Structures are given as structure tokens and as C-alpha cells.
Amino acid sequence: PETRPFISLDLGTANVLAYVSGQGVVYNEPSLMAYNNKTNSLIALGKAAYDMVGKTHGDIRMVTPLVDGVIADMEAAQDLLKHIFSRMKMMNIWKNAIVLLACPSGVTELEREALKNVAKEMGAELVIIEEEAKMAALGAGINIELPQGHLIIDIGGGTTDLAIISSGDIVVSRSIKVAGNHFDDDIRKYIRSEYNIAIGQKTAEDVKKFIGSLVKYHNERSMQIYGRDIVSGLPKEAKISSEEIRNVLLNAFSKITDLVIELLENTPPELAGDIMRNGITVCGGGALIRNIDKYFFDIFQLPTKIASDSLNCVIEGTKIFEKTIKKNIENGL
């Protein structure tokens, strides 16, 4: 007999997802928010704010409420929470609700406590904080309860997260701030250096998605980009090829492969054998980079699987974990 609503949230640096027990996933939009600096009014958020990135008047302020699991703008976080459930024809579901949040391993206890405080402020009565790595593992269809080791690589917009999981525990974890946003910056840096053209972030992210890859793929294809020539200052277009972008990504993943090496270096020997057999599981947005699994196999010789629907791994995991959370509540935890 549970009368209270169950809410889970994936408050990622790039995409925010919200789940309501009984309704399903009720929100899944970019995390960007647009404020007016002269008046501090919330102009837009989600897709509406994402379409404006780089095309906005100088009075508009683009905000990311959460950066790497840390509330970066208190008021923006509060505004986003007051909106995710605004398209649900119901009174506030935050009231005395059970809230399950997922945090990267890098988040601090104080920052975790600040997360709970914002949820309680909305009206929740119980606020549980789970490890993102095990939520993602669950979402990818891994039975984390088993005494079997798995290597999870969660590539998001702000951070790349590495976790050795086994018996539902994170035995080893590493995190680095080289992810989707870092890849975009480097794509932008390269195009500037090579073609003397200044492109926006939105354009950098679109070539990443449209031709980005780590190993040659079955539909190699070029792309036309449009930016501002650094010399003339006028609009200028250029043709970008798959090879060039593959080399940019290979350069940026050099630091991620180094984190994997360090992670394995601190992994208990008996868990190392499981890694040889169970391999790597890649999830998050970065799991969509073409042939990222072939890349990891070539370098490490470990089996590498891309989680199906890798953008939803975390939120999908919170849905699986709902049963566990309601069994614990029934046990007084």
C-alpha cells in the first residue's frame, strides 16, 4: 500500500529525463535554459532553448542548471524542477513523493545533500541518491547483483565515467571531464586551425553526430559546415570529411583510454579476469559515436558492447530500481 508518487530523474549535463511511476518517461529534453539578463525572466528551456544556442541577442543568458551532477545555478535548477511536470494534467506530484536521483561518482557529499534539499523543497518526502554507474549498468540489461565483474563506460556531455561493477557494488571508479562537450570544442578548434573558420557549438555537435566516428564505417560521408572566416569576418562554408573528424576524436579519446588504463591498473586481479570475459559496456550519448566498440576492441582486445538505447540507460535503470526502492521502504530503510 503505497500512496506516494515515485519520481526518478537523470539530471545530465546535456539531457534531462524525468520518470513518473504509472506515467512513464514524462520529460526528455536538452538541459539548456534561456534567461533574460535585463529582467531575469525564464525565456525558454529544453528544445526551445537548444535551438537558439549561438543565435541569441546579447541580453539572453544560456544556463546549464547541473554541470557534472553539481547544481551550478540554484535558481535555474529550481525553475527546471517546477517545469518538468507542468505538461502533466495533475496537481503537484512532488508532494510527499519518493524521489530517486542518480549522481556521478565525482559528486561530493555536500553537493549530493544540496541535490536532496532542492527535491525536498519541491515537496518530496523521501529523496534517494543512487550511483549513476549502477543505474546505467541496470539500464543496459546487466544483472548487477551477480558476483560477476563488468566495466561500464558512461560517456555523457560533461563527464566520462568508468566503473567496475560487481555484486551490485562499484569496486573501482574513475571520471574525467572529457566528453561530448570536449569533443565539440576540439572539433571547433580543429576547423579553426585547418580552415580559418569559426563555427558555433551547435555546428560542432552536428558534425560529430552526422559523420563522427572512431573507425572507418560503412557509410563514410562528408558534410558542409558554415561559419565565419577568421580573416575576412564574413560567412564562409567548408567541406568536412569523415577522416578529419575521426582523427580529432581519436586525439580526444587518447585521454579517455588513459583513464581506462588507470582504472584497470587499480582493479583487483580476480576482477580483471571477469573483465577479459564480460568486456566493456559503453552507454551514454558518446556510445553513439560510430564504431566506438571497434575502437575499444582494437586498443584493449576486450569484448565491447554498445548498450541499446544508450541515451536512456540511466533513466531506464531508475525504473528497474523502483522495485528495490519500494522493498527497502517496506523494510524501514
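When you see a residue number, it is the position in the sequence shown, counting from 1.
When the C-alpha B-factors of 321-329 and 21-29 are averaged, 321-329 comes out higher. Comparing the deposited coordinates for 117-125 and 193-201, the stretch with the larger average C-alpha B-factor is 117-125. Each of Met74, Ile153, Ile256, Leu250 has a CA temperature factor in the record; the biggest one is found at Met74. Taking the PDB entry at face value, the top CA B factor among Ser222, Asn92, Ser173, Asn181 belongs to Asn92.
Compared with the other modelled residues of the chain, the Cα B-factor recorded for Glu244 ranks in the lowest third. In the PDB entry, a CA B factor belonging to the lowest third of its chain's modelled residues is recorded for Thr159. When the modelled residues of the chain are ordered by their C-alpha B factor, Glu262 lands in the lowest third. When the CA B factors of the chain's modelled residues are split into thirds, the value for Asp298 lands in the middle one. When the CA B factors of the chain's modelled residues are split into thirds, the value for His218 lands in the lowest one.
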